[PDB]
Each structure stands twice: as structure tokens, then as C-alpha cells.
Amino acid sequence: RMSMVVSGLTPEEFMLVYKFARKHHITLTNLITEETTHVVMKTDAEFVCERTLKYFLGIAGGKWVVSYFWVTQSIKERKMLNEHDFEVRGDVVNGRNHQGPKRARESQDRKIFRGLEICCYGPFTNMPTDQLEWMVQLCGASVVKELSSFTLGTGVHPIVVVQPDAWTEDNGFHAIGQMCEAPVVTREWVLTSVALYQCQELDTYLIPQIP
């Protein structure tokens, strides 16, 4: 069935989505979960939005990521205008035309993170670790808590994700490659990868590892 959360709206705007929900017997929750089917985003005239946690978890889940205009237009035309026509196309960081959520909604038999062990390491801001972890799981990766907990062998491909910012140490994130044998990278590798829903390649995101 239909269950929604909204992102980047004002109370008045939210009151409109609620009005929408009421009419169409659609559920409306504060927090995105397994069940959540729609993510309603604030966008500019052309369906570009800002990047928010729900934005990512939305794409990651292959949910409908639709512009707020889906709501107000349906209201205005006293009916529900199928989501296909209002889907969000891009964002203020990853380009106005990348068709992110689209590829996602479509590529659910091939998660950009098939055969990956990812370990979100150290502190993050504005995004709790377990949420980043949930994200990459939805993308098919498998989470690993400790650097030393990486599966050994060849089967899989390990990766260490850090967000340099939230650090206060000077022997911290430069020395990860000493405690394990995995590529290191910034969170950006994940978000940008999730935005485009195209498995970006570590090249541009690697961090300097002291041997």
C-alpha cells in the first residue's frame, strides 16, 4: 500500500500533504522505514531537490522519490496524478539531470553494492552511522563493524568509508591502511554513488594511506 514521508517542507506545505493523504487514504509517518513507499521532496520548478537523508534512503530503497508538485497538482486537479510524472531528476550537488531514483526504482536485481563489505569507520555528522549502514545494505553491500572484522580471502571486496570532517585526531584517518587491507574513501563515495544510483569507482574518492 501507499505510505509517505516528506522532506524539506514547511508546516503549511506539510498540511497540504496531509490534506492529500486524508483524501487518498495514504499513510503519513515522520520516519522512513522498510514499509515507506513514497518520499515527497521539496524541489525547484524542474524537480531538482536538496540532498537529505530521506532523499538517499528513498533512492536506496527503490521507493518513489517524487516532487512536492505531485501533491499540489493532484490537489488542484482533485485527483492522484501517478508519480511517474513528477519524479525528482537531480539535486543541487549531483546535477539537475541524472535520473537518480529512476535507475534505482528500476535496478532492484542488481544493487550497486552487490559483493561488497563496507565498514563505516569513525565518526559522522548529520547522518548517524547506523543510517549510513542501513543505506549501503539497501544497496546490497554487507556491513562490517570493526576494521579487523573484514572477511578474508578473495570472494568479496572490502571498503572503508570515513568522513574526515568529524575527526579531531592527527594520526586518525591517514593510517587506516595500516590496520587493514581495504581501500579507504570519504562518505561522498557512498552518497554520490547513491544519488546517481550508479556504483561510482573509488578512484576520485580514495584517501592518503600511510604505509
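Don't overthink the numbering: it's just position in the shown sequence, from 1.
Trainee: Give the stretch, out of 162-170 and 61-69, with the larger mean C-alpha temperature factor in the deposited entry.
Mentor: That would be 162-170.
Trainee: Would 41-49 or 172-180 have the larger average of its C-alpha temperature factors, as given in the entry?
Mentor: Higher mean C-alpha B-factor: 172-180.
Trainee: Lowest, middle or highest third: which one holds residue 134 when the chain's residues are ordered by CA B-factor from the entry?
Mentor: It belongs to the lowest third of the chain when residues are ordered by C-alpha B-factor.
Trainee: Tell me, lowest, middle or highest third: where does the Cα B factor of residue 118 rank within its chain?
Mentor: It belongs to the lowest third of the chain when residues are ordered by C-alpha B-factor.
Trainee: Which third, lowest, middle or highest, does the CA B-factor of residue 149 fall in along this chain?
Mentor: CA B-factor rank for residue 149: middle third.
Trainee: Sort the modelled residues of this chain by their C-alpha B factor and say whether residue 4 lands in the lowest, middle or highest third.
Mentor: Middle third, going by the recorded CA B-factors of the chain.
Trainee: Can you tell me whether residue 195 has a C-alpha B-factor in the lowest, middle or highest third compared with the other modelled residues of the same chain?
Mentor: For residue 195, the deposited C-alpha B-factor lands in the middle third.
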